[PDB]
Amino acid sequence: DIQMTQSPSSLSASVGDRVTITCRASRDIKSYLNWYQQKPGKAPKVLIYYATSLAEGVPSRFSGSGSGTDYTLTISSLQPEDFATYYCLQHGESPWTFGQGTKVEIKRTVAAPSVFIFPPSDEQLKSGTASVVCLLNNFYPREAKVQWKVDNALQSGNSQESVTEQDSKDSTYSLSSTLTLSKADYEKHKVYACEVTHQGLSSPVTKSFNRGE
Amino acid sequence: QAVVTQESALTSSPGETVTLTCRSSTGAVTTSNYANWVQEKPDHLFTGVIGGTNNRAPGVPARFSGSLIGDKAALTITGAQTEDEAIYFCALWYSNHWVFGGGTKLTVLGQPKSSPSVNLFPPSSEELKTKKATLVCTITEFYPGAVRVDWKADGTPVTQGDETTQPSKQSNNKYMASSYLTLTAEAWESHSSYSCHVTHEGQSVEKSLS
Amino acid sequence: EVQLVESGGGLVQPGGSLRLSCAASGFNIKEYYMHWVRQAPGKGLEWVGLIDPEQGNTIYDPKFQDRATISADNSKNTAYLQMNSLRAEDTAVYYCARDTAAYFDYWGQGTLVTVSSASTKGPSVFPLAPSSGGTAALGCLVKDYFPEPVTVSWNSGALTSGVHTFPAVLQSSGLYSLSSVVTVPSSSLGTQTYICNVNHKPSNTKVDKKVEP
Amino acid sequence: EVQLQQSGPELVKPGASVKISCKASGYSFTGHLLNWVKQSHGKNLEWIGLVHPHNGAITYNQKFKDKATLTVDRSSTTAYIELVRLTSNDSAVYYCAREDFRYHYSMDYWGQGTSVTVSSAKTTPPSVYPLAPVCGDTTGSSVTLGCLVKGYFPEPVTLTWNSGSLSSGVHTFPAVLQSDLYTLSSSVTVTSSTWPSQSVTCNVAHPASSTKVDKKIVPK
């Protein structure tokens, strides 16, 4: 298969900016390249076809350029309605393949996450399991490293995270990391902590609680 | 600007597996060259055979297939039929344009080999009156349809003034062709021996006159 | 007016088969190239295959190794996508698309196909009690439910500000888990009553958990 | 089925211009590329450029960027190539060729082609010269005679033997271009007892110049 690599995976922009997204094919695709826009929960929408043609009804601020293996989608005057995800489609060979995508999100000032840790509830422990929840509230940018520490021991493979979409009012993000253990394993250690690393904080913030007490 | 070379001609028999190749002068033929193969049958009828290096065009028999063997693109015919006799052109894409190869005339033997009947004609006295002289060399009944013509004047090769027609097929499916040696009446008078050389399958057939 | 409506989506056991249909209107599928595209939860776009109008050829991504069969009935002006031996990676929103010049000009709404051996189960709702700055966070852990979705409201709906209901995550158990949090002033802890309203229609589960220190 | 019907032959002087058409039918016009190819002398192909019929986007071979102009018309599903500032170097057969871009990137359907002849030559009748042998005596029971139809314009010329009486053993070769004019040859093979005891005569006709010439072939 032909490998399409889009760059960057995500880009921060402001209304009015000139934005450029690139797509690189592993080999020459004869300009058989299309570009699509996709918004959450909706089907994609064509923007550009044959590498450089503006599809019918598409705002002229969108334009495609390139040939060979290098292609670029340019949005000349970023509009509020332009914040979405963009994909290239390659048809220079069957099967057709898409790039990984490029999410264009709203740029705003650096906002440090307010961190909170929740111990498992007595009612859940009673059922045999233990979920410890770490909350990172209203932060920007998106990148955040959340590490779990049980009695100073770094955890791996037993946590899952979830992030909200950018808030419509303050353009920040929220994240939750859930450490899941059996009651048995949970009772084998006392100190439970989540260390959060983010651009908005001097050095890593650590939230913890001594088990039970 | 890049040169694409193909074998001039190839001869096979029904049932045979034949391989025509296509070479790029820039380097190895790659999938980015989108190797394309086109079949030119008699009466200037073109039909795509292979596209995108190895994709058989819809409708094309399963016996045709394309690929990359070594650093060249190739068209393999597995069980060559008589219907497959034609000229096969190769085309490679170089980022923004196509360059064609010289084509390969493929012969699928449907009759015994046949040597060319050669006939060389001196210039007429009528034409000499115009101070010009034309030697006419007719070449008929040869199969397969590929020959090379050469001229000689008094034992030495002539490198200028000759012109030969591209072989065309006659009613019996063999081929015919013609060559011309253009001289002034002076040159015709100054020399005494002229020969028309026709080489077919490596053997030279010759006609001379005084 | 061109329209594409797909149906056939739903719950399927691993190893089972899916039969999706795409009812077209405003044009004749007989004269257009029709494709099938899909998108797994939170992932990029993937091309499944197409059906050529010129001779009936069907081309698919080799990845599907003969499991996918695309067909069409001109008398019903419907295109079909069939897939056998379904696996977890086949869980996705499947789209039907019309092709003009190799770009997709029209799309259906999308049918979700979920591949899983999980059984319907209502969630357990556990509290994420306040720690006890002038701001505190509290919430609910809506754990172990199948299938999606689950709705979460606070104080019957009279509390929207500062609420973050995170996207669900698929645990290795085949069940879903999710958290809804809210930040409130620290002073109100006691004075104001916070209740998260969880609803999971497939299991008829309606839970109202009061959250307190 | 798909068909690409091109317009008829052309004959013009240098400096002129020509616009060839290709009527594509039997499929969706905007869904395949249309290429224009130039065939010189009857062999050797050259790609001129391509056009995407959905919006007329074009890619020209730089060798022809100033000679050809690719154009398309969607209401009648026809492609066109306009050649300008013609010289004799532009005489060749032009082909229009469809190209898929979905899965088999093949140049599948080709038009029958359009012959373009660019010359500053005026209509001129041929001079007919006899081709008689004189290598010696009869080296076989058969003897081959011919007639050189030299310097005519434009093509073609017809040729018969003994007004059509001798039909067997007749070969009329293709024309070659000698300094702007055409030349061709025809021959007939008859029994040696037949000539010169019995007359053999070549009947040449040049329709364009409304000329007819009968050349009796006699021994050198």
Side-chain angles (χ1 to χ4, degrees), chain A residues 1-2 25 27-33 50 90-96, chain B residues 4 6 19-22 24 29-41 45-69 72-78 84 86-101 103-104, chain C residues 33 50 52 54-55 57-59 62 99 101-102, chain D residues 1-2 4 24 26-28 31-37 45 47 49-53 59 95-111:
Chain A
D1 299 1
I2 287 181
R27 73 171 192 57
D28 187 327
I29 51 164
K30 279 196 81 187
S31 292
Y32 297 158
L33 193 290
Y50 192 58
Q90 152 285 124
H91 65 97
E93 174 190 71
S94 175
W96 304 3
Chain B
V4 174
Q6 279 177 266
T19 295
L20 314 183
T21 70
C22 186
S24 176
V29 177
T30 220
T31 46
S32 305
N33 296 127
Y34 280 82
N36 198 263
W37 293 87
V38 177
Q39 171 189 92
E40 178 188 336
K41 290 194 67 190
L45 299 171
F46 293 77
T47 263
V49 175
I50 290 294
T53 308
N54 60 188
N55 308 294
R56 193 140 61 259
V60 173
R63 66 180 181 278
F64 287 99
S65 73
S67 62
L68 297 177
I69 297 167
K72 302 194 292 174
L75 167 63
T76 302
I77 308 181
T78 306
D84 300 321
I87 299 190
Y88 291 87
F89 286 92
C90 181
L92 300 181
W93 174 258
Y94 294 100
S95 305
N96 53 28
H97 66 285
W98 291 101
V99 171
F100 282 89
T104 301
Chain C
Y33 282 88
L50 67 82
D52 190 330
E54 230 165 282
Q55 72 299 102
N57 283 355
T58 38
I59 292 73
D99 159 354
Chain D
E1 267 102 79
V2 175
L4 261 65
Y27 73 99
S28 179
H32 277 80
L33 289 187
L34 274 171
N35 294 273
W36 278 97
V37 173
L45 299 181
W47 178 81
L50 68 81
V51 64
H52 195 325
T59 304
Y95 297 84
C96 156
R98 198 184 83 149
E99 197 193 341
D100 167 272
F101 51 33
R102 284 193 188 76
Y103 62 93
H104 66 98
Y105 309 68
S106 165
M107 290 200 177
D108 50 357
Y109 288 89
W110 290 57

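Side chains are part of it too, since the values below use all heavy atoms of this structure and drop only hydrogens, waters and symmetry mates. In what follows, chains carry the letters A, B, and so on, assigned in the order in which the sequence lines appear, proteins first and then strands, with residues in each chain numbered from 1.
With rounding to the nearest 0.5 angstrom, the OH atom of D/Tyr95 is 14.5 Å from the CE atom of D/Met107. Interatomic distance, D/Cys96 SG to D/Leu34 CG, rounded to the nearest 0.5 Å: 5.0 Å. Residue D/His52 holds its NE2 atom at 6.0 Å from CG of D/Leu33, rounded to the nearest 0.5 Å. Remark: B/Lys72 NZ to B/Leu20 CG distance equals 10.5 Å, nearest 0.5 Å.
Nearest approach of B/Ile69 to B/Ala74, heavy atoms of both residues: CD1-CB, 3.9 Å. Across every non-hydrogen atom of C/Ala102 and A/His91, the tightest pair is CB-CE1, 3.6 Å. The shortest non-hydrogen separation linking A/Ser94 to D/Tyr103 is CB-CB, 4.0 Å. D/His104 approaches B/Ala57 most closely through the heavy-atom pair ND1-CA, 4.0 Å. A pairwise comparison of heavy atoms in B/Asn36 and D/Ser106 identifies ND2-CA, 3.5 Å as the closest pair. What you find for D/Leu4 and D/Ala24 is that their closest heavy atoms are CD1-CB, 4.2 Å.
A 6.0 Å sphere centred on CD of C/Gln55 holds more than 12 heavy atoms belonging to other residues, nucleotides or ligands.
Here D/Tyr109 and D/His32 keep their ring centres 6.0 angstrom or further from each other. Aromatic ring centres of B/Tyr34 and B/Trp93 lie farther apart than the 6.0 Å criterion allows.
The side-chain heavy atoms of B/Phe64 and B/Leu75, taken from C-beta on, include a pair separated by under 4.5 Å. Taking the side chain as every heavy atom from C-beta outward, A/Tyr50 and A/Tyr32 approach each other to under 4.5 Å. Side chains of B/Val60 and B/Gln39 form no contact here, defined as non-hydrogen atoms less than 4.5 Å apart. Here the side chains of B/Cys22 and B/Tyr88 are not in contact, with every heavy-atom distance at 4.5 Å or above. Side-chain atoms of D/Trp110 and B/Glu40, non-hydrogen and from C-beta on, never get closer than 4.5 Å to each other. Counting only heavy atoms from C-beta outward, the side chains of B/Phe46 and D/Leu45 approach each other to under 4.5 Å.
The backbone N or O of B/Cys90 lies less than 3.5 Å from a partner atom in the side chain of B/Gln6, making a donor-acceptor pair.
Checked against side-chain contact (heavy atoms from CB on, under 4.5 Å), B/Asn33 has the following partners two or more places apart in sequence or in another chain: B/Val29, B/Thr30, B/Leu92, B/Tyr94. Shown here are the side-chain contact (heavy atoms from CB on, under 4.5 Å) partners of B/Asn96, two or more places apart in sequence or in another chain: there are none. Checked against salt bridge (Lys or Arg N to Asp or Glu O under 4.0 Å), C/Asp99 has the following partners two or more places apart in sequence or in another chain: D/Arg102. Qualifying side-chain hydrogen bond (donor to acceptor under 3.5 Å, both in side chains) partners for D/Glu99, counting only residues two or more places apart in sequence or in other chains: A/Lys30, D/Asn35. Considering only residues two or more places apart in sequence or on other chains, D/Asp108 meets the salt bridge (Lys or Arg N to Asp or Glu O under 4.0 Å) condition with D/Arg98.
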Item to complete: Show your working on side chain to side chain contact (heavy atoms under 4.5 Å, CB included) between B/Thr21 and B/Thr19 and close with a plain yes or no.
Response: CA-CA 6 Å; B/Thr21 70; B/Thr19 295; 4.0 Å; yes
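Applying the side chain to side chain donor-acceptor pair (under 3.5 Å) test to residues at least two apart or on different chains, the pairs with a partner in residues 50-64 of chain B are B/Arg63-B/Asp84.
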